[PDB]
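Each chain is listed here by its residues.
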Amino acid sequence: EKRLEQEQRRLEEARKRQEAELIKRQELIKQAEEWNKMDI
Amino acid sequence: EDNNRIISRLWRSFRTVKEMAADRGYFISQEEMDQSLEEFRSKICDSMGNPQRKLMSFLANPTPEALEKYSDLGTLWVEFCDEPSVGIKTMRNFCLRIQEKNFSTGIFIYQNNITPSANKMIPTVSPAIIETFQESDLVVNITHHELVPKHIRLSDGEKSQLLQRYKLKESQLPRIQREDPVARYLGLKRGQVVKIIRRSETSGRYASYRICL
Amino acid sequence: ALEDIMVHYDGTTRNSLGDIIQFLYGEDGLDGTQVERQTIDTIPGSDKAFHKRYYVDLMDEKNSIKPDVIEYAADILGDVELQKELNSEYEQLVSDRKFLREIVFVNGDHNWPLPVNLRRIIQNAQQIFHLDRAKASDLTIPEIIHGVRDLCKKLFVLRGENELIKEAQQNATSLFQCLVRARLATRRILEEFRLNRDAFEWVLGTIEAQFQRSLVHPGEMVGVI
Amino acid sequence: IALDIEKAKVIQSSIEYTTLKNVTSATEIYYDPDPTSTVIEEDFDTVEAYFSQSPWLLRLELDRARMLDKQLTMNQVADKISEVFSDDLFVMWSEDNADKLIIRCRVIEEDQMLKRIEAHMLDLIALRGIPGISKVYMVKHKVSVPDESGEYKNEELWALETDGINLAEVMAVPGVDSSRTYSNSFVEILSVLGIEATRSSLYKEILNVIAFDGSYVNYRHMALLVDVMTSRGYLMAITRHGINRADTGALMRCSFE
Amino acid sequence: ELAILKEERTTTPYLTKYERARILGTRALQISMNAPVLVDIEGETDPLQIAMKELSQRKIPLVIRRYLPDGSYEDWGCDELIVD
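Structure determination for this entry, per the PDB record, employed cryo-EM and reached 3.4 Å resolution.

The name the PDB entry assigns to chain E is RNA polymerase subunit ABC23, common to RNA polymerases I, II, and III, from the organism Komagataella phaffii. The record deposited in the PDB is entitled "RNA polymerase II elongation complex transcribing a nucleosome (EC115)". Regarding chain E, the relevant UniProt record gives this comment under Sequence similarities (unreviewed entry): "Belongs to the archaeal Rpo6/eukaryotic RPB6 RNA polymerase subunit family." Within the UniProt record for chain E, the comment given under Subcellular location (unreviewed entry) is "Nucleus".

The PDB entry lists chain B under the name DNA-directed RNA polymerases I, II, and III subunit RPABC1, from Komagataella phaffii. According to the UniProt record, the Subcellular location (unreviewed entry) comment for chain B reads "Nucleus". Quoted verbatim from the Sequence similarities (unreviewed entry) field of the UniProt record, the comment on chain B reads "Belongs to the archaeal Rpo5/eukaryotic RPB5 RNA polymerase subunit family."

Trainee: What am I meant to see in the interface of chain D and chain B here?
Mentor: Note: interface size is frequently given as the accessible area lost on complex formation between the parts. Counting residues at the interface gives 27 residues for chain D, matched by 26 residues for chain B. In this assembly, chain D packs against chain B so that about 2,100 Å² is buried in total across both faces, 53% of it on carbon and sulfur atoms. On the chain D side of the interface with chain B, the three residues burying the most area are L193, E196 and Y219 of chain D, jointly 28% of the side's total. When the shortest N-O distance is used, the salt bridge between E196 of chain D and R198 of chain B registers 2.8 Å. Counting across the chain D and chain B interface gives nine residue pairs in polar contact. For the side of chain D that touches chain B, the secondary-structure elements that each account for two or more residues are α8 (186-193), α9 (196-211) and α10 (219-229) of chain D. In terms of residues, the side of chain D that touches chain B owes the most to one element, α9 of chain D, which gives six residues. Classifying every residue of the side of chain D that touches chain B by side-chain character gives 11 nonpolar, 10 polar and six charged.

Trainee: When you look at helix α1 (residues 17-32) of chain E in this model, what are you seeing that I'm missing?
Mentor: Think of an α-helix as 3.6 residues a turn; residues three or four steps apart then line up on the same face. Residues and elements named next belong to chain E. Here α1 is 16 residues long and its end C-alpha atoms lie 22 Å apart, about the 22 Å a rise of 1.5 Å per residue gives. Those residues of α1 that fall on the buried side of the exposure criterion are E19, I23, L24, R27, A28 and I31. Summarising the axial view, the buried residues of α1 lie within an arc of 155°, below the 170-degree limit, and thus occupy one face. Residues of α1 that are buried in the fold lie against α2 (47-56) and β1 (63-67). Downstream of α1 by a residue or two, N34 has a phi angle that is positive, lying close to 65°.

Trainee: Even after reading the chapter, I still don't get the interface of chain B and chain C, so can you show me in this structure?
Mentor: Taken together, the 22 residues of chain B in the interface contact 28 residues of chain C. Here chain B and chain C share an interface that buries about 2,200 Å² over both sides, 52% of which is from carbon and sulfur atoms. Its largest share of buried area at the contact with chain C, chain B owes to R165, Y166 and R205 of chain B, together 29% of the area lost on that side. Across the chain B-chain C interface, the total number found is one salt bridge. Here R198 of chain B makes a salt bridge to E27 of chain C, at a shortest N to O gap of 3.4 Å. Summed over the shared surface of chain B and chain C, the result is nine residue pairs in polar contact. Put simply, the parts of the chain that give the side of chain B that touches chain C at least two residues each are α7 (156-166), β9 (193-200) and β10 (204-212) of chain B. Considering every element that reaches the side of chain B that touches chain C, the biggest residue donor is β10 of chain B, with six residues. By residue class, the composition of the side of chain B that touches chain C is eight nonpolar, seven polar and seven charged.

Trainee: How should the sheet that holds strand β8 (residues 175-176) of chain B be read in this particular structure?
Mentor: Within a beta sheet, neighbouring strands are joined by backbone hydrogen bonds and run either parallel or antiparallel to one another. Residues and elements named next belong to chain B. Strand order in the open sheet formed by four strands is β7-β9-β10-β8, and the pairing between neighbours is mixed. The outermost strands of the open sheet, each flanked by one partner alone, are β7 (150-153) and β8. Sheet topology note: the β8/β10 ladder contains two bridges and is parallel. Each residue of the ladder has a partner; that of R175, found in β10, is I211.

Trainee: Looking at this model, I keep getting lost on the pairing of strand β7 (residues 135-146) of chain D. Mind explaining?
Mentor: The side chains of a regular strand alternate between the sheet's two faces. Where β7 of chain D lies against strand β8 (residues 152-163) of chain D, 12 bridges are found, and the strand directions are antiparallel. Across the sheet, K142 of chain D pairs through a bridge with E156 of chain D, a residue of β8 of chain D.

Trainee: In this structure, what is going on with helix α8 (residues 197-213) of chain C? I would like to understand it.
Mentor: Residues and elements named next belong to chain C. Spanning 17 residues, α8 covers 24 Å between terminal C-alpha atoms, matching the ideal 24 Å at 1.5 Å per step. Considered for burial, the residues of α8 that qualify are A199, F200, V203, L204, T206, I207, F211 and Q212. Buried residues along α8 sit in contact with β5 (111-115), α3 (118-129), α4 (141-151), α6 (174-183) and α7 (186-193).

Trainee: Sorry, what's going on with the domain arrangement of chain B here?
Mentor: All names here are of chain B. The domains assigned to chain B are domain 1 (1-140) and domain 2 (141-213). Taking only C-alpha atoms into account, the centre of domain 1 sits 25 Å from that of domain 2. Residue-level contacts link 15 residues of domain 1 with 15 residues of domain 2. Here domain 1 packs against domain 2, burying approximately 1,200 Å² in sum over the two surfaces, 48% of which is carbon and sulfur. Looking only at domain 1, the three residues that lose the most surface to domain 2 are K69, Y70 and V140, adding up to 34% of its buried area. For the pair domain 1 and domain 2, the number of links is one salt bridge. Residue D72 is joined to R153 by a salt bridge in which the shortest nitrogen-to-oxygen separation is 3.8 Å.

Trainee: For this particular structure, what's the right way to read the environment of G106 of chain B?
Mentor: All names here are of chain B. Among the secondary structure elements, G106 is positioned in strand β4 (residues 105-110). The spacing of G106 and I130 is 24 residues in sequence and 4.8 Å in space, taken between C-alpha atoms. When residues no more than four places from it in sequence are discounted, the contact partners of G106 are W77, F94, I98, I129, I130 and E131.

Conventions and cut-offs
- Residues numbered from 1 in each chain as written, not as in the entry; some residues may be left out.
- Chains lettered and ligands numbered in written order.
- Part of a larger assembly, values for the part shown.
- Heavy atoms only, no water.
- UniProt positions renumbered as here; feature names shortened; annotations may be inferred.
- Contact = heavy atoms within 4.5 Å.
- Buried area = accessible area lost by both parts, 1.4 Å probe.
- Salt bridge = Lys/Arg side-chain N within 4 Å of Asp/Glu carboxyl O.
- Polar contact = N/O pair within 3.5 Å; in protein donor to acceptor, adjacent residues only side chain to side chain.
- Helix = DSSP H or I, 4+ residues; strand = E, 2+ residues; numbered from the N terminus.
- Nonpolar A, V, L, I, M, F, W, Y, C, P; charged D, E, K, R; others polar.
- Expected span 1.5 Å × (residues − 1).
- Buried < 20%, exposed > 50% of the residue type's maximum accessible area, 1.4 Å probe, protein only.
- Arc of directions from axis to C-beta.
- Pairing = 2+ DSSP bridges.
- Domains from an automatic or database assignment.

Set out below in structure tokens:
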């Protein structure tokens, strides 16, 4: 059970990191879409 | 029909480019990595199904791990060219776009061929780096081949530690060409060292090093 | 083309210019005359056979070490720290099986030339120490585990405390360590070979010495060979 | 696809190079001044049914047997000719139910020009398949794969072996395992997959040559040889043009050749 | 500068067969040229046999200098190298 708890903690940490990186990524996606619209 | 196969090949090239950008250290969202073919047709193909290469250009920033390991990693701009043949004008305007938006690295994928005059102005785009790939050779990701082991670019500190451990000079390492397909996949610049961890039937695992030219 | 290539004192294989051809001769640093065909026991067989051969359970009585082969069978059942040690050993064995079966030898071939013949060493020990008879062994499980674990760290191909040197040294003996751990498992030692203590230290010392003797000698003109 | 013979045959047909010359049985040139009719009575019915520029008629008869064997369609051949020649030639093709499969063409002193155009047609009209792949064979391969119980059990699978090499194009064909395509010409392997793949392929070829007659040579010797041949980033041939183009001493180099 | 300190010597601690052969040859030649013998000779007369007897007892007064590829070297005494 102790091992399972540690595994769950690490999984939650990884999930938080992925969420933060996705939040950062969406801004770049928006900028890219705006610039591609500008080129058109 | 032939439209379907063209779209499929374009989708495969897009997936390969995204994988290459992920390998070089930039961040690509997991949802974008698994962006399927039907979604690609929905987003790119028009009412007649024709695709726009201009809608596939994207941007990426290095992950904190890659940024920490490699301090020279900037922003990456990847653009597909609508023109089947690229000349001096198109390369010049691509260079202008890179310079005005201060991108560190720009990847320019063309369709058929590139004129020698356009090749001439690639080295003079400093300090930004412009790398060109053909659409045909990006359909298959060579780094997923069985015969191709995993190549990892060494940081400057690791290269120094290697040369000190073996008491070497840079000319005494095994070499890898700059136009080598894996070297162009990793965007290797002259003087950089890749570590290759390889299957061995005498010891199981064997780590080799090569230096670019 | 190959005349001026020679194994140097740091283990590398270089030509007359000093350019590196290989970072370790033969990718393991051994001599061509000091290897023999041996079978790695963790590769073949079904999962059930592997589990039956290598797993040891100290809680279930009928899935434990037989009581007539060990003197201390009374105070073994119910121990939890010793079970932790056995579980670590079995996890190491499973990792070795996965590494050999999915990376190195995908087609499952398990007969490969490797240094120091282990079967010969074991039967020599059995003949030397008269390991016949139904006598019970006095070799405790922690001694087996720690002895094999320490042996797998004294197979020096490269000397030095450098981190990169340590990584290369660990890489150079992966297959051989897999072989040694496959042969000198706890269940196999206690049941199949029935070694006692003195036979066990003799086997460990002999393995280490023979491995040291099987390395390549600096100054070999391996290119001409 | 590996375990199904029908899909494997489909892939084999899709890969093999096939040109118009492969299926063409004979070619002929006729004089016919009426674009809306013809002089030949045999082809009169088909052309008149179709109808319901230069007078020089260029026709050619396709072998029905091989045309069927290559699984081709008369419409496909006509479309290929039209694509390669735009609208410079008016093309009519007989139906599949005709006694002889024929296709007619017309230009929109020209006899020599027509002969040259006919030669070019027989030369470089590509119907389907990867260029450079002359022949393809179906081969059964025995592979040992772990079972659901972990046991290793033999298994038979279908694979293709070709004549001629085009690695980059064949790797891109859908239905092909692009992560395992292999070639016995390591120059192409170097041009496609890099230098480490070239090292592995070179070792495999050398071992194949040595072990064919049952002989055995230790691994480290061939490993040293193929590490020497690929240590400079490119294939260094074991000749004077490979060895003598190094930076070694002049006295050492002059002693060879 | 080029010499490597005794504490940081990283070469093998064993006498390679080439080093053993060269040491035996040099010692045999020196004995044949009337060099002092550092071990007691029972009834032996062959210089090579006397050299082997000296080597077995770790009494050969020679030093091996092992040249690394970069030019640096390690000095090992024949009395501190392990011989099989």
